[PDB]
file structure_18.cif (mmCIF, C-alpha atoms; chains and numbers go by the auth columns)
data_my_file
loop_
_atom_site.group_PDB
_atom_site.id
_atom_site.type_symbol
_atom_site.label_atom_id
_atom_site.label_comp_id
_atom_site.label_asym_id
_atom_site.label_seq_id
_atom_site.Cartn_x
_atom_site.Cartn_y
_atom_site.Cartn_z
_atom_site.B_iso_or_equiv
_atom_site.auth_seq_id
_atom_site.auth_asym_id
ATOM 1 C CA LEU A 1 50.001 -15.137 -25.112 0.00 1 A
ATOM 2 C CA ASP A 2 49.438 -15.865 -21.410 0.00 2 A
ATOM 3 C CA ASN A 3 48.117 -19.281 -22.382 0.00 3 A
ATOM 4 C CA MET A 4 51.108 -19.558 -24.733 0.00 4 A
ATOM 5 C CA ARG A 5 53.541 -18.940 -21.865 0.00 5 A
ATOM 6 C CA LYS A 6 51.479 -21.042 -19.455 0.00 6 A
ATOM 7 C CA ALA A 7 51.825 -24.006 -21.809 0.00 7 A
ATOM 8 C CA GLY A 8 55.651 -23.620 -21.714 0.00 8 A
ATOM 9 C CA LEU A 9 56.690 -21.302 -24.570 0.00 9 A
ATOM 10 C CA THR A 10 59.291 -18.594 -23.851 0.00 10 A
ATOM 11 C CA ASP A 11 61.135 -17.394 -26.977 0.00 11 A
ATOM 12 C CA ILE A 12 58.132 -17.288 -29.351 0.00 12 A
ATOM 13 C CA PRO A 13 55.930 -15.046 -27.117 0.00 13 A
ATOM 14 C CA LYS A 14 59.002 -12.847 -26.914 0.00 14 A
ATOM 15 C CA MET A 15 59.174 -12.593 -30.695 0.00 15 A
ATOM 16 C CA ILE A 16 55.464 -11.809 -30.906 0.00 16 A
ATOM 17 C CA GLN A 17 55.599 -9.136 -28.167 0.00 17 A
ATOM 18 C CA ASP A 18 58.730 -7.311 -29.349 0.00 18 A
ATOM 19 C CA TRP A 19 57.321 -7.306 -32.903 0.00 19 A
ATOM 20 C CA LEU A 20 54.330 -5.156 -31.804 0.00 20 A
ATOM 21 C CA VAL A 21 56.646 -2.282 -30.783 0.00 21 A
ATOM 22 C CA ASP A 22 56.939 -1.336 -34.493 0.00 22 A
ATOM 23 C CA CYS A 23 54.182 -3.398 -36.201 0.00 23 A
ATOM 24 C CA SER A 24 56.306 -3.317 -39.365 0.00 24 A
ATOM 25 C CA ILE A 25 55.577 -5.520 -42.384 0.00 25 A
ATOM 26 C CA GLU A 26 59.237 -6.335 -43.101 0.00 26 A
ATOM 27 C CA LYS A 27 59.571 -8.374 -39.906 0.00 27 A
ATOM 28 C CA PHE A 28 56.006 -9.693 -40.355 0.00 28 A
ATOM 29 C CA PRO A 29 56.746 -12.899 -42.481 0.00 29 A
ATOM 30 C CA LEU A 30 58.174 -14.349 -39.245 0.00 30 A
ATOM 31 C CA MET A 31 54.571 -14.511 -37.990 0.00 31 A
ATOM 32 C CA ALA A 32 53.611 -16.312 -41.192 0.00 32 A
ATOM 33 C CA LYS A 33 56.660 -18.517 -40.763 0.00 33 A
ATOM 34 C CA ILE A 34 55.523 -19.212 -37.183 0.00 34 A
ATOM 35 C CA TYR A 35 51.992 -19.759 -38.494 0.00 35 A
ATOM 36 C CA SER A 36 53.438 -22.550 -40.676 0.00 36 A
ATOM 37 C CA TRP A 37 55.750 -23.979 -37.993 0.00 37 A
ATOM 38 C CA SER A 38 52.681 -25.013 -35.952 0.00 38 A
ATOM 39 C CA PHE A 39 51.155 -27.391 -38.492 0.00 39 A
ATOM 40 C CA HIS A 40 54.430 -29.350 -39.063 0.00 40 A
ATOM 41 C CA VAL A 41 54.184 -30.972 -35.614 0.00 41 A
ATOM 42 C CA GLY A 42 51.741 -33.741 -36.648 0.00 42 A
ATOM 43 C CA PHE A 43 48.095 -34.722 -36.402 0.00 43 A
ATOM 44 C CA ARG A 44 45.969 -35.047 -33.247 0.00 44 A
ATOM 45 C CA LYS A 45 44.658 -38.463 -34.256 0.00 45 A
ATOM 46 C CA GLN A 46 42.240 -38.993 -31.379 0.00 46 A
ATOM 47 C CA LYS A 47 39.333 -41.477 -31.114 0.00 47 A
ATOM 48 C CA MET A 48 36.160 -41.755 -33.225 0.00 48 A
ATOM 49 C CA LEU A 49 34.002 -41.369 -30.116 0.00 49 A
ATOM 50 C CA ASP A 50 35.615 -38.302 -28.539 0.00 50 A
ATOM 51 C CA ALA A 51 36.117 -36.760 -31.984 0.00 51 A
ATOM 52 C CA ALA A 52 32.406 -37.049 -32.676 0.00 52 A
ATOM 53 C CA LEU A 53 31.682 -35.688 -29.197 0.00 53 A
ATOM 54 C CA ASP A 54 33.796 -32.644 -30.054 0.00 54 A
ATOM 55 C CA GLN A 55 30.868 -31.890 -32.413 0.00 55 A
ATOM 56 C CA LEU A 56 28.000 -33.767 -30.724 0.00 56 A
ATOM 57 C CA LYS A 57 27.565 -31.390 -27.772 0.00 57 A
ATOM 58 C CA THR A 58 24.438 -29.320 -28.166 0.00 58 A
ATOM 59 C CA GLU A 59 22.799 -26.467 -26.300 0.00 59 A
ATOM 60 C CA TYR A 60 19.366 -25.826 -27.779 0.00 60 A
ATOM 61 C CA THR A 61 17.288 -23.232 -25.985 0.00 61 A
ATOM 62 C CA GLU A 62 13.764 -21.796 -25.874 0.00 62 A
ATOM 63 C CA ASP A 63 14.969 -18.186 -25.621 0.00 63 A
ATOM 64 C CA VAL A 64 15.890 -17.341 -29.246 0.00 64 A
ATOM 65 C CA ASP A 65 13.988 -15.018 -31.559 0.00 65 A
ATOM 66 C CA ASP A 66 11.332 -16.036 -34.057 0.00 66 A
ATOM 67 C CA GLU A 67 11.706 -12.856 -36.156 0.00 67 A
ATOM 68 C CA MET A 68 15.189 -14.162 -37.105 0.00 68 A
ATOM 69 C CA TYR A 69 14.427 -17.756 -38.019 0.00 69 A
ATOM 70 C CA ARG A 70 11.456 -16.847 -40.216 0.00 70 A
ATOM 71 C CA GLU A 71 13.571 -14.395 -42.255 0.00 71 A
ATOM 72 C CA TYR A 72 16.386 -16.979 -42.322 0.00 72 A
ATOM 73 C CA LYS B 1 17.867 -34.489 -27.447 0.00 1 B
ATOM 74 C CA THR B 2 14.878 -32.172 -27.118 0.00 2 B
ATOM 75 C CA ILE B 3 15.209 -30.227 -30.368 0.00 3 B
ATOM 76 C CA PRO B 4 12.885 -27.176 -30.568 0.00 4 B
ATOM 77 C CA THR B 5 9.988 -27.415 -33.008 0.00 5 B
ATOM 78 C CA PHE B 6 10.031 -24.447 -35.399 0.00 6 B
ATOM 79 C CA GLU B 7 6.686 -24.455 -37.244 0.00 7 B
ATOM 80 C CA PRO B 8 6.130 -22.074 -40.195 0.00 8 B
ATOM 81 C CA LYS B 9 2.643 -21.348 -41.545 0.00 9 B
ATOM 82 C CA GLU B 10 3.493 -23.010 -44.863 0.00 10 B
ATOM 83 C CA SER B 11 0.552 -21.447 -46.876 0.00 11 B
ATOM 84 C CA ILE B 12 -0.816 -24.598 -48.556 0.00 12 B
ATOM 85 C CA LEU B 13 -1.014 -24.121 -52.321 0.00 13 B
ATOM 86 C CA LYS B 14 -2.334 -25.774 -55.459 0.00 14 B
ATOM 87 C CA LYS B 15 -2.070 -25.045 -59.151 0.00 15 B
ATOM 88 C CA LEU B 16 -4.942 -24.262 -61.454 0.00 16 B
ATOM 89 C CA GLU B 17 -5.344 -27.680 -63.092 0.00 17 B
ATOM 90 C CA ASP B 18 -5.556 -29.249 -59.589 0.00 18 B
ATOM 91 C CA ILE B 19 -8.169 -26.830 -58.181 0.00 19 B
ATOM 92 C CA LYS B 20 -11.287 -28.866 -57.566 0.00 20 B
ATOM 93 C CA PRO B 21 -14.404 -26.889 -58.691 0.00 21 B
ATOM 94 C CA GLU B 22 -16.818 -26.760 -55.721 0.00 22 B
ATOM 95 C CA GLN B 23 -18.950 -29.088 -53.630 0.00 23 B
ATOM 96 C CA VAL B 24 -22.654 -28.325 -53.735 0.00 24 B
ATOM 97 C CA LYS B 25 -24.519 -27.953 -50.491 0.00 25 B
ATOM 98 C CA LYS B 26 -27.451 -30.345 -50.485 0.00 26 B
ATOM 99 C CA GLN B 27 -29.739 -29.711 -47.570 0.00 27 B
ATOM 100 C CA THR B 28 -29.970 -31.757 -44.384 0.00 28 B
ATOM 101 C CA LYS B 29 -32.898 -31.165 -41.953 0.00 29 B
ATOM 102 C CA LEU B 30 -34.813 -27.925 -42.354 0.00 30 B
ATOM 103 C CA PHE B 31 -32.764 -25.543 -40.139 0.00 31 B
ATOM 104 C CA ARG B 32 -35.049 -24.923 -37.230 0.00 32 B
ATOM 105 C CA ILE B 33 -34.204 -22.261 -34.661 0.00 33 B
ATOM 106 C CA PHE B 34 -37.381 -22.673 -32.571 0.00 34 B
ATOM 107 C CA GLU B 35 -39.247 -25.762 -31.374 0.00 35 B
ATOM 108 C CA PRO B 36 -42.410 -26.296 -29.322 0.00 36 B
ATOM 109 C CA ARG B 37 -42.316 -27.429 -25.707 0.00 37 B
ATOM 110 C CA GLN B 38 -44.882 -28.256 -23.036 0.00 38 B
ATOM 111 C CA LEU B 39 -44.822 -25.824 -20.128 0.00 39 B
ATOM 112 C CA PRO B 40 -47.312 -25.519 -17.263 0.00 40 B
ATOM 113 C CA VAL B 41 -49.755 -22.614 -17.186 0.00 41 B
ATOM 114 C CA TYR B 42 -51.099 -20.643 -14.258 0.00 42 B
ATOM 115 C CA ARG B 43 -54.419 -18.845 -14.201 0.00 43 B
ATOM 116 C CA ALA B 44 -54.820 -15.313 -12.938 0.00 44 B
ATOM 117 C CA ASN B 45 -54.584 -15.318 -9.107 0.00 45 B
ATOM 118 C CA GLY B 46 -51.385 -17.347 -9.746 0.00 46 B
ATOM 119 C CA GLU B 47 -52.526 -20.944 -9.157 0.00 47 B
ATOM 120 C CA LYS B 48 -52.408 -23.828 -11.590 0.00 48 B
ATOM 121 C CA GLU B 49 -54.703 -25.537 -14.092 0.00 49 B
#

call {"tool": "encode", "arguments": {"input": "structure_18.cif", "output": "structure tokens"}}
result
Amino acid sequence: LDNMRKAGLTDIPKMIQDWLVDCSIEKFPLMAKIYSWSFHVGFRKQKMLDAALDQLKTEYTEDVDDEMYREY
Amino acid sequence: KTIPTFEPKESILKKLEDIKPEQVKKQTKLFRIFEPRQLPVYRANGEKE
């Protein structure tokens, strides 16, 4: 929520913080409603390169177990 | 990218129809353990022949 406010959101942190005072399920569909209002803003159609490089960053290390990988 | 190299033991198998019977041992040279060798020799009082 601090990131949420830091990005520039004021009313919707307020609805998520005042909901926790009761934690009731009757007011809870709001959350679900909010959870659907986020994906009706559009796609983040970025570039092929940087979109691959979201995945193609690797950190492979010689400190893991061997007892785990053999069972795996 | 230096990927680690995970090596299992892999336990190399066959099946019965593909088991080769045996390979006979035919003999090479006669399996010596000792051999002769010239050495000097020294008579009693220590000196040499």

call {"tool": "residues_around", "arguments": {"input": "structure_18.cif", "residues": "residue 15 (chain A)", "least_positions_apart": "6", "cutoff": "12 Å", "atoms": "all atoms listed in the file", "output": "PyMOL selection string"}}
result
chain A and resi 1+9+21+23+27-28+30-31+33-34

call {"tool": "resolve_selection", "arguments": {"input": "structure_18.cif", "expression": "the PyMOL selection byres ((chain B) within 9 of (chain A))", "output": "list in words"}}
result
residues 1, 2, 3, 4, 6 and 8 of chain B

call {"tool": "write_last_selection", "arguments": {"input": "structure_18.cif", "atoms": "C-alpha atoms", "output": "JSON list (two decimals), in the coordinates of the input"}}
result
[["chain", "number", "residue", "atom", "x", "y", "z"],
["B", 1, "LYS", "CA", 17.87, -34.49, -27.45],
["B", 2, "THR", "CA", 14.88, -32.17, -27.12],
["B", 3, "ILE", "CA", 15.21, -30.23, -30.37],
["B", 4, "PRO", "CA", 12.88, -27.18, -30.57],
["B", 6, "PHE", "CA", 10.03, -24.45, -35.40],
["B", 8, "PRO", "CA", 6.13, -22.07, -40.20]]

call {"tool": "atom_distance", "arguments": {"input": "structure_18.cif", "atom1": "CA of residue 55 (chain A)", "atom2": "CA of residue 36 (chain A)"}}
result
25.8 Å

call {"tool": "residues_around", "arguments": {"input": "structure_18.cif", "residues": "residue 4 (chain A)", "least_positions_apart": "4", "cutoff": "12 Å", "atoms": "all atoms listed in the file", "output": "ChimeraX atom specification"}}
result
/A:8-14,16-17

call {"tool": "write_last_selection", "arguments": {"input": "structure_18.cif", "atoms": "C-alpha atoms", "output": "PDB file, keeping the file's coordinate frame"}}
result
ATOM      1  CA  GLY A   8      55.651 -23.620 -21.714  1.00  0.00           C
ATOM      2  CA  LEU A   9      56.690 -21.302 -24.570  1.00  0.00           C
ATOM      3  CA  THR A  10      59.291 -18.594 -23.851  1.00  0.00           C
ATOM      4  CA  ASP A  11      61.135 -17.394 -26.977  1.00  0.00           C
ATOM      5  CA  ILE A  12      58.132 -17.288 -29.351  1.00  0.00           C
ATOM      6  CA  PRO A  13      55.930 -15.046 -27.117  1.00  0.00           C
ATOM      7  CA  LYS A  14      59.002 -12.847 -26.914  1.00  0.00           C
ATOM      8  CA  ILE A  16      55.464 -11.809 -30.906  1.00  0.00           C
ATOM      9  CA  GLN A  17      55.599  -9.136 -28.167  1.00  0.00           C
TER      10      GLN A  17
END

call {"tool": "atom_distance", "arguments": {"input": "structure_18.cif", "atom1": "CA of residue 5 (chain A)", "atom2": "CA of residue 35 (chain A)"}}
result
16.7 Å

call {"tool": "atom_distance", "arguments": {"input": "structure_18.cif", "atom1": "CA of residue 20 (chain A)", "atom2": "CA of residue 32 (chain A)"}}
result
14.6 Å

call {"tool": "axis_aligned_box", "arguments": {"input": "structure_18.cif", "around": "region 12-25 of chain A", "padding_each_side": "8 Å", "output": "JSON"}}
result
{"center_x": 56.7, "center_y": -9.3, "center_z": -34.6, "size_x": 21.0, "size_y": 32.0, "size_z": 31.5}
